[PDB]
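protein_9.cif (mmCIF, C-alpha atoms)
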```cif
data_run
loop_
_atom_site.group_PDB
_atom_site.id
_atom_site.type_symbol
_atom_site.label_atom_id
_atom_site.label_comp_id
_atom_site.auth_asym_id
_atom_site.auth_seq_id
_atom_site.Cartn_x
_atom_site.Cartn_y
_atom_site.Cartn_z
ATOM 1 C CA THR A 1 -23.348 9.980 142.852
ATOM 2 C CA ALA A 2 -19.706 8.944 142.547
ATOM 3 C CA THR A 3 -17.934 9.683 139.263
ATOM 4 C CA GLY A 4 -14.326 9.329 138.199
ATOM 5 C CA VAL A 5 -11.907 12.213 137.655
ATOM 6 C CA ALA A 6 -8.163 12.530 137.164
ATOM 7 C CA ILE A 7 -5.647 12.609 140.006
ATOM 8 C CA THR A 8 -4.985 16.265 139.237
ATOM 9 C CA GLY A 9 -8.714 16.713 138.704
ATOM 10 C CA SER A 10 -11.027 19.485 139.789
ATOM 11 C CA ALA A 11 -13.522 18.189 142.402
ATOM 12 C CA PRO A 12 -16.738 16.959 140.649
ATOM 13 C CA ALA A 13 -20.278 18.315 140.956
ATOM 14 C CA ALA A 14 -22.399 18.207 144.087
ATOM 15 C CA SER A 15 -24.951 15.549 145.029
ATOM 16 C CA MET A 16 -26.757 14.622 148.255
ATOM 17 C CA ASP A 17 -29.308 11.980 149.179
ATOM 18 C CA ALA A 18 -33.086 12.288 149.570
ATOM 19 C CA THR A 19 -36.095 11.304 151.690
ATOM 20 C CA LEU A 20 -39.843 11.411 151.017
ATOM 21 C CA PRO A 21 -43.034 11.644 153.146
ATOM 22 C CA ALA A 22 -45.989 9.231 153.402
ATOM 23 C CA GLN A 23 -48.767 11.113 155.289
ATOM 24 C CA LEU A 24 -51.224 8.079 155.432
ATOM 25 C CA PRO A 25 -54.543 9.650 156.593
ATOM 26 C CA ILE A 26 -57.006 7.850 158.873
ATOM 27 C CA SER A 27 -59.531 10.228 160.389
ATOM 28 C CA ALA A 28 -62.771 10.228 158.447
ATOM 29 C CA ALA A 29 -64.845 7.104 158.785
ATOM 30 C CA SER A 30 -65.903 4.355 161.158
ATOM 31 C CA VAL A 31 -67.608 0.959 161.136
ATOM 32 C CA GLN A 32 -70.765 0.987 163.248
ATOM 33 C CA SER A 33 -73.837 -1.093 164.147
ATOM 34 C CA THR A 34 -77.095 -0.763 166.110
ATOM 35 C CA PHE A 35 -79.670 -3.306 167.209
ATOM 36 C CA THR A 36 -82.497 -1.497 169.173
ATOM 37 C CA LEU A 37 -83.966 -4.171 171.410
ATOM 38 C CA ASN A 38 -87.100 -3.773 173.519
ATOM 39 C CA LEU A 39 -87.487 -3.808 177.322
ATOM 40 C CA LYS A 40 -90.356 -6.324 177.442
ATOM 41 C CA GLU A 41 -88.608 -8.871 175.190
ATOM 42 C CA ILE A 42 -85.918 -9.472 177.825
ATOM 43 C CA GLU A 43 -88.509 -10.980 180.179
ATOM 44 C CA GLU A 44 -90.467 -13.169 177.743
ATOM 45 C CA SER A 45 -87.304 -14.800 176.501
ATOM 46 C CA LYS A 46 -86.267 -16.361 179.815
ATOM 47 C CA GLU A 47 -89.365 -18.576 180.079
ATOM 48 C CA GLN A 48 -90.010 -19.009 176.359
ATOM 49 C CA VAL A 49 -86.812 -20.276 174.734
ATOM 50 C CA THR A 50 -85.349 -23.648 175.688
ATOM 51 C CA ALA B 1 -31.687 16.127 146.174
ATOM 52 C CA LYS B 2 -31.819 17.605 149.677
ATOM 53 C CA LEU B 3 -31.597 15.125 152.522
ATOM 54 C CA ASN B 4 -34.090 16.185 155.213
ATOM 55 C CA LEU B 5 -36.105 18.605 153.090
ATOM 56 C CA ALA B 6 -39.640 17.228 152.875
ATOM 57 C CA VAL B 7 -39.384 15.475 156.252
ATOM 58 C CA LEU B 8 -39.002 18.654 158.340
ATOM 59 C CA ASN B 9 -41.630 19.074 161.035
ATOM 60 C CA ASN B 10 -43.039 22.410 162.157
ATOM 61 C CA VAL B 11 -43.894 23.049 165.807
ATOM 62 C CA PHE B 12 -46.002 25.947 167.024
ATOM 63 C CA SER B 13 -44.615 27.553 170.162
ATOM 64 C CA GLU B 14 -46.298 28.114 173.532
ATOM 65 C CA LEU B 15 -47.298 31.720 172.852
ATOM 66 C CA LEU B 16 -51.068 32.003 172.583
ATOM 67 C CA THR B 17 -52.094 35.656 172.899
ATOM 68 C CA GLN B 18 -55.776 36.477 173.360
ATOM 69 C CA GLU B 19 -56.557 39.556 171.280
ATOM 70 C CA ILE B 20 -60.183 40.481 172.016
ATOM 71 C CA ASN B 21 -62.009 42.616 174.580
ATOM 72 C CA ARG B 22 -64.224 40.635 176.924
ATOM 73 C CA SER B 23 -64.766 42.249 180.316
ATOM 74 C CA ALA B 24 -67.669 42.614 182.734
ATOM 75 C CA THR B 25 -66.743 45.948 184.286
ATOM 76 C CA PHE B 26 -70.212 47.141 185.268
ATOM 77 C CA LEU B 27 -71.364 43.638 186.214
ATOM 78 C CA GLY B 28 -68.338 43.333 188.491
ATOM 79 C CA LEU B 29 -69.569 45.837 191.081
ATOM 80 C CA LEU B 30 -73.374 45.573 191.258
ATOM 81 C CA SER B 31 -73.478 43.534 194.545
ATOM 82 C CA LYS B 32 -75.128 40.385 193.199
ATOM 83 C CA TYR B 33 -77.996 38.707 195.088
ATOM 84 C CA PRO B 34 -79.827 35.403 194.583
ATOM 85 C CA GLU B 35 -83.602 35.271 194.275
ATOM 86 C CA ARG B 36 -85.640 32.080 193.878
ATOM 87 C CA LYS B 37 -88.943 33.912 193.393
ATOM 88 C CA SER B 38 -91.036 34.829 190.369
ATOM 89 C CA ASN B 39 -90.909 38.635 190.582
ATOM 90 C CA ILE B 40 -89.517 41.486 192.650
ATOM 91 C CA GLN B 41 -92.075 43.473 194.635
ATOM 92 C CA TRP B 42 -91.421 46.544 196.763
ATOM 93 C CA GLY B 43 -93.214 49.680 197.925
ATOM 94 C CA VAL B 44 -92.772 53.179 196.497
ATOM 95 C CA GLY B 45 -93.996 55.975 198.724
ATOM 96 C CA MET B 46 -95.481 59.014 197.002
ATOM 97 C CA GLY B 47 -97.166 61.952 198.722
ATOM 98 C CA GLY B 48 -100.786 62.806 199.233
ATOM 99 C CA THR B 49 -101.419 64.334 202.640
#
```
Here is a file; write its structure as structure tokens.
Amino acid sequence: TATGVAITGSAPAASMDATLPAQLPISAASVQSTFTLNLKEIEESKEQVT
Amino acid sequence: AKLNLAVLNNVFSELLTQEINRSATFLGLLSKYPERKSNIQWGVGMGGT
């Protein structure tokens, strides 16, 4: 703050500035996927599909 | 309003002190041997003559 006193005044009241946190958490979850393909399908798809 | 009040960070120092008793005193002098066999067979000589 900045207030106005007289020239022969008496030094007005105290005031400082301020900061604040944010803390923004991330560490719980994930985005995942599976697909579970077979081992015999990867041979009968090289001479089956054009 | 205090300027760097809520933005102070705390840092733990490098002073870990282990405060338990774990010690193999009797195991530390038994003259360990390896044995890749199923069981330990030896002979014990009694009397009889």
Straight-line distance linking CA of residue 21 (chain A) with CA of residue 9 (chain B), stated in Å to one decimal: 10.9 Å
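Selection result for the displayed file, with the PyMOL selection byres ((chain B) within 8 of (chain A)) as criterion, is residues 1, 2, 3, 4, 5, 6 and 7 of chain B.
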Axis-aligned box over every listed atom of region 27-33 of chain B, padded by 8 Å per side: centre and edges in Å to one decimal, as lines of an AutoDock Vina configuration file?
```
center_x = -73.2
center_y = 42.3
center_z = 190.7
size_x = 25.7
size_y = 23.1
size_z = 24.9
```
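Computed from the coordinates, the CA of residue 18 (chain B) to CA of residue 32 (chain B) distance equals 28.0 Å.
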Between CA of residue 11 (chain B) and CA of residue 27 (chain A) - distance in Å to one decimal: 20.9 Å
Spatial neighbours of residue 3 (chain A), 8 Å, all atoms listed in the file, chain gap at least 2 places, as a PyMOL selection string: chain A and resi 1+5+12
